[PDB]
Amino acid sequence: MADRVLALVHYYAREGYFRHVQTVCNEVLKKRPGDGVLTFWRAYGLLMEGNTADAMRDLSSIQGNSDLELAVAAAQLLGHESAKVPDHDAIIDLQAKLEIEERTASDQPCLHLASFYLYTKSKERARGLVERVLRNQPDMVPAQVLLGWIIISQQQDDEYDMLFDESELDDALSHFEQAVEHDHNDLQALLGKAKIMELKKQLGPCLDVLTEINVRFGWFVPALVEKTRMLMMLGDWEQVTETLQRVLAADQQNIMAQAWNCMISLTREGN
């Protein structure tokens, strides 16, 4: 169940936190001592510092596996895309060779690149690559829960909640139902279903399933900070304060905890 290392960076890479990334990358690196995939997890962790060609110093020294060759080819696609000399022809050539080398290949390089290209270089490529992994079986949990979770995380935050709609809400509902039917150990499907039924004015069963599922994870920090604006349909923001203090107890590194607690502090008391 790869959600331990894939999903921890997945919500916070927009925030650009790294501490959870080091925890999960060191976790998967201590699962298997010495690997190109794990060194490239470390490359992905260091790539959010601001340097995109660090993947060349991390994996291209130790590449050779198709898992690592595809990853190095796409990382040097980004490097030539972020290059200084004019190499737009090289950018187009790398894009073509990646678009051909991802399809009709093994699922492991595509999955590992989607784990790598999870925030950088058109992060819809993560869902695309985990979908082309699961074109043989379009009933496996990761791709469907990731698509539904994205189309509900855009609903719950301030991107599409200026005018809240219900179409991709239902698409996320279908994806989460499929994902939780694949396994009840899934994490993002149940939380997204909980925020769906929060948004549709059934606060009772919503809080019921929230109590049902939030006991299954306490060290999953981003799913803990996501309780901010999906608990604020109830009519208060003190539960938002305590669920951000929960994140602070998990790790004193969340900028969104401080920011959102600031934002909700000034509403009522002007505190």
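Residues numbered from 1 in each chain as written, not as in the entry; some residues may be left out. Part of a larger assembly, values for the part shown. Heavy atoms only, no water.

By the method listed in its record, cryo-EM, this PDB entry was determined to a resolution of 20.7 Å.

A.B. asks: How should the nonpolar core be read in this particular structure?
C.D. replies: Soluble globular proteins: nonpolar side chains tend toward being buried together. Formed by 88 residues in total, the largest nonpolar core has its most connected members in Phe40, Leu113, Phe116, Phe176 and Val225. Excluding anything up to four places from it in sequence, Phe116 contacts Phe40, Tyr44, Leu47, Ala55 and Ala75. (Core = buried A, V, L, I, M, F, W, Y, C linked by side-chain atoms within 4.5 Å. Buried < 20%, exposed > 50% of the residue type's maximum accessible area, 1.4 Å probe, protein only. Contact = heavy atoms within 4.5 Å.)

A.B. asks: Please clarify how unusual backbone geometry should be interpreted in this entry.
C.D. replies: Negative phi characterises most residues that are not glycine, and trans characterises most peptide bonds. Positive phi is not limited to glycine here, since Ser122 has a value of about 60 degrees. Along the chain, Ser122 falls in the loop between α8 (107-116) and α9 (124-133). If you check the backbone angles, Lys201 has positive phi at about 65 degrees while not being a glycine. Tracing the sequence through the fold places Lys201 in the loop between α12 (188-199) and α13 (203-213). (Helix = DSSP H or I, 4+ residues; strand = E, 2+ residues; numbered from the N terminus.)

A.B. asks: For this particular structure, what's the right way to read the side chain of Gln253?
C.D. replies: Along the chain, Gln253 falls in the loop between α15 (238-250) and α16 (255-265). We classify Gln253 as buried; its relative accessible area is 7%. Excluding its chain neighbours within four sequence positions, the residues that come into contact with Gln253 are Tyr12, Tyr17, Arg19, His20 and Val221.

A.B. asks: Hey, could you run me through a negative patch on the surface in this one?
C.D. replies: On the surface, a cluster of negative charge is made up of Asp165, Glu166, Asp170, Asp171, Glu177 and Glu181. Its location among the elements puts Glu181 in helix α11 (residues 167-182). Judged by relative accessible area, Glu181 falls into the exposed class, the value being 66%. (Patch = residues over 30% accessible without salt bridge, like charges linked within 9 Å, V, L, I, M, F, W, Y side chains within 5 Å. Areas by Shrake-Rupley, 256 points an atom, 1.4 Å probe, with all protein chains shown as cover. Salt bridge = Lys/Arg side-chain N within 4 Å of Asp/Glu carboxyl O. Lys, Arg positive; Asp, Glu negative; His and termini not counted. Charge placed at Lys NZ, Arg CZ, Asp CG, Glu CD.)

A.B. asks: I'm lost on α13 in this one. Help?
C.D. replies: Residues separated by three or four positions in an α-helix point in the same direction, a consequence of the helix having 3.6 residues per turn. Those residues of α13 not exposed but buried are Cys206, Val209, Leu210 and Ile213. In a view along the axis of α13, the buried residues occupy a sector of 110 degrees, so they form one face of it. For α13, the secondary structure elements touched by its buried residues are α12. (Arc of directions from axis to C-beta.)

A.B. asks: Before we go on, may I ask you to explain the layout of surface pockets in this structure?
C.D. replies: The probe, sized like a water molecule, is rolled over the atoms to show the empty space still left. Put simply, the largest pocket is a space of about 660 Å³. Forming the walls of the largest pocket are 29 residues, and the residues nearest its centre are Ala2, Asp3, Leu6, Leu111 and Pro142. Going through the elements one at a time, α1 (3-6), α4 (36-47), α6 (66-81), α8, α9 and α10 (141-156) are the ones with two or more residues in the lining of the largest pocket. Looking at the lining of the largest pocket, the element that brings in the most residues is α10, giving six residues. Class assignment for the residues of the lining of the largest pocket results in 19 nonpolar, six polar and four charged. Of the pockets and cavities examined, the second largest pocket occupies roughly 430 Å³. (1 Å grid on protein atoms, 1.4 Å probe; cavity = no way out; pocket = protein on both sides within 12 Å on 5 of 7 lines; lining within 4 Å. Points joined across faces, edges and corners; volume = space filled by probe spheres on them. Nonpolar A, V, L, I, M, F, W, Y, C, P; charged D, E, K, R; others polar.)

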